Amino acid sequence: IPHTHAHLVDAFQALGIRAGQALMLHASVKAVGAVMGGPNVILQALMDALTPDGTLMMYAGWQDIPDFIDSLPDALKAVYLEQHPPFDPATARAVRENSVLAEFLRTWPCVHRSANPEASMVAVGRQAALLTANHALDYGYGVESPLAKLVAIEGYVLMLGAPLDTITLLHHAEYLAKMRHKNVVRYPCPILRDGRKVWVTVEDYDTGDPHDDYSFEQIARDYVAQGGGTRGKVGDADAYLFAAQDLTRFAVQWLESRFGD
């Protein structure tokens, strides 16, 4: 009754997932429904469809990032600066709202993790080191990011029962697009440097709210409506498979046509 590994492998393949692809996954475990062996089998089935020559990536981030401390009373901020642990990539837990699957992949054998705390990506497979390498602290969805590299190697994005609003790649499209105005955020973050905690200022485009009157769901819905991507069932979940290069190109043109200067 629960979905089997073999059936999930074939369901992923039916969508168009092929040996050797680099793929970034957004998922809802509940949407897929009961799997025989639990969410590990979702990851393993996807890895098997990709084969060891492919690569699987997820957005992990950092569940406990203390980027809000300026909003606290001064005396409480002082305690955070002294007592909050730094981002340690070996232990920093994935953002829970990024799916438990991101935390499962973060702790998978042979995983690689990128160094930007807020934008941290985890990946397993042939190009996992490449995708996660040299992730700049500032503008973490920009040109020196795993999203840029995913576009460059013509990777894919799989939404597995995940809302279309959660496509992290579209923050890279926001970065690229010549828009009339984008909101810049600067926030403190503790990191490790020579094995010691250092608080640094991170600069980035706001990724919590859009820069103008749009949503990622709207961009993705328009992409699908004009023939973009493939769609199909995986377990109980509605799934969408997008080519990163074409989706990014479409999204940049979409933003610039509506909100450019």
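Residue positions are given as counts along the sequence shown, with the first one as 1. Each form is matched to the other, and the largest set of C-alpha atoms that superpose within 1.5 Å is called the rigid core.
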Overlaying the structures in 6 other deposited structures of this protein on the rigid core, point out which of 156-164 and 99-107 has the bigger RMS C-alpha shift.
99-107
Which stretch is more displaced from the shown form in 6 other deposited structures of this protein, 90-98 or 144-152, with RMS over structures and residues of Cα positions after a rigid core fit?
90-98
Averaged over C-alpha atoms, is the B-factor higher for 77-85 or for 163-171 in this PDB entry?
77-85
When the Cα temperature factors in the entry are averaged, is it 207-215 or 44-52 that ends up higher?
207-215
For the listed residues 202, 60, 27, 224, which one has the largest C-alpha B-factor as given in the deposited model?
224
Select one of 127, 114, 71, 91: the residue whose C-alpha shows the highest B-factor in the crystal structure entry.
71
Against its chain's modelled residues, does residue 179's Cα B factor rank lowest, middle or highest third?
highest
Would you check the entry's CA temperature factor for residue 151 and let me know if it's in the chain's lowest, middle or highest third?
middle
Split into thirds by Cα B-factor across the chain's modelled residues, where does residue 11 land: lowest, middle or highest?
highest
Compared with the other modelled residues in the chain, in which third is the CA B-factor of residue 198?
highest
Entry-reported C-alpha B-factor of residue 36 relative to its chain, by third, is middle
